[PDB]
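Student: this one's experimental. Sequence and coordinates below.
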Amino acid sequence: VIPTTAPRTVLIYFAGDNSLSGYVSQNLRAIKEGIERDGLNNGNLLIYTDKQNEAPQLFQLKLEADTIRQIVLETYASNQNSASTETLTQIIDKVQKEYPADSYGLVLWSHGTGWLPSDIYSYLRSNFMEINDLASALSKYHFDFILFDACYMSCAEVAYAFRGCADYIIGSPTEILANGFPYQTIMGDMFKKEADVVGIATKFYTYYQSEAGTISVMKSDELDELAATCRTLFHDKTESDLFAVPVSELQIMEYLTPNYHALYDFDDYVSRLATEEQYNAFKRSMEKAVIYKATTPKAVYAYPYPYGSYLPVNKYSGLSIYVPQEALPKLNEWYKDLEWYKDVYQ
């Protein structure tokens, strides 16, 4: 018999209650198999779900003898809105209070449009994870990692917005469809004394290696330098300068609609605007900030239902970026409220 404190408490928060509830169940199956395969290094694993035809609930999963024990802690009223950041921080507070640990991690599962505005389709002339409210809500915490099991979250704008509340950010610059992350192989990595964020991303790549998927890991204390380096090439560009960049030449990252796209490869975009000197500086900053990245030959997209699309990843920096475009004035104006824009474009 040995005394020990928990090296980490991790909350996996499924913002479900939609067409994708089946996927929450599949992921819960993968998580239970992963705990049974790895154990949890004395850590605590808490799950929040809000499935359709089910009340929202917070429960612990733990290993007991040779098997999983689910302990349904709280069952919430059904007027609890799980896509609300107030709900998210209510749950985080409860977990931290009842499961204190040497450190914390957060997995946010939400398949949809990621951080882009609710009106995104409208803005492209054709949201729980709205970047400013979410970053504001989480800014009072400190996580060792946030794993975004969501589309398009590996972009400069998100990595920058969350730099203060997480040491590392794990996500995809493109879509993650179906179940999402391979929970059945990453559970032990989340609970090492230091979270093995590179392990987690390498497992995502290994799982999807014969199919399609993109992953990256950002080191948050390198993001201030990345923004400063980008500031040197963006802060003197007029709207007319920006609009002269031809997106038809750029590596696509986002593909929700067939005519206008918001997000493209970060490095590719910057290479159209930077001087040689600025571009070399940018590459050095990216080498420090993006500590792991991997991609298959193609990226997979939901559009068009129900077959979807596979598009070639010919350039891959591990980060997507918004590209301002003359044809997207409402999206350009929305963009002006992001912290990245204010600090980098000014």
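Tutor: Done, it's in. Numbering: from 1, shown residues only.

Student: tell me the domain boundaries of this structure?
Tutor: Per the record, the chain has its domains at 1-126, 126-346, by curated CATH domains.

Student: most neighbours per residue, which of the ones you listed?
Tutor: Across the domains of the chain, averaging neighbours per residue (mean count of other CB atoms under 10 Å) puts domain 126-346 on top, at a mean of 19. Quick note: C-beta positions are derived from backbone N, CA and C, even for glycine.

Student: can you tell me the distance between the two ends of stretch 326-342?
Tutor: 19 Å (CA to CA, to the nearest Å).

Student: now do the helices in the chain.
Tutor: Counting by DSSP state H, the segments of the chain that form helices are 21-38, 85-98, 120-123, 131-138, 156-161, 183-191, 197-208, 223-234, 239-243, 266-271, 276-289, 329-335, 339-344.

Student: please look at residue 45 and residue 60 and confirm they touch.
Tutor: Yes: in this structure, residue 45 is within contact of residue 60 by CB atoms under 8 Å, at 6.7 Å.

Student: let me see the contact set for the residue lying closest to residue 182 once chain neighbours are set aside.
Tutor: Among residues not flanking residue 182 along the chain, residue 207 sits closest, at 3.9 Å (CB to CB, 6 or more residues apart in numbering). With contacts defined as CB atoms under 8 Å, 6 or more residues apart in numbering, residue 207 is in contact with 182, 185, 213.

Student: columns distance to residue 258 on top of those, output as JSON lines?
Tutor: Listed next are these as JSON lines, based on distance: CB to CB, whole Å:
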{"residue": "182", "distance to residue 258": "30"}
{"residue": "185", "distance to residue 258": "35"}
{"residue": "213", "distance to residue 258": "22"}
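
Student: among the residues you listed, which one lies nearest to residue 54?
Tutor: Proximity of the contacts of residue 207 to residue 54 (CB to CB) peaks at residue 182, which lies at 24.2 Å.

Student: isn't the closest one up against residue 202?
Tutor: No: judged on CB under 8 Å, residue 182 makes no contact with residue 202 at a distance of 10.7 Å.

Student: for the closest residue to residue 123 other than its chain neighbours, which residues are in contact?
Tutor: Leaving out its chain neighbours, the residue that sits closest to residue 123 by CB to CB, 6+ apart is residue 331, at 4.0 Å. Residues near residue 331 by CB under 8 Å, 6+ apart: 117, 120, 123-124, 262, 322, 325.

Student: residue 75 now?
Tutor: Contacts of residue 75 (CB under 8 Å, 6+ apart): 55-57.

Student: ok, of those residues, which one's closest to residue 290?
Tutor: For the contacts of residue 75, the nearest to residue 290 is residue 56 (35.1 Å; CB to CB).
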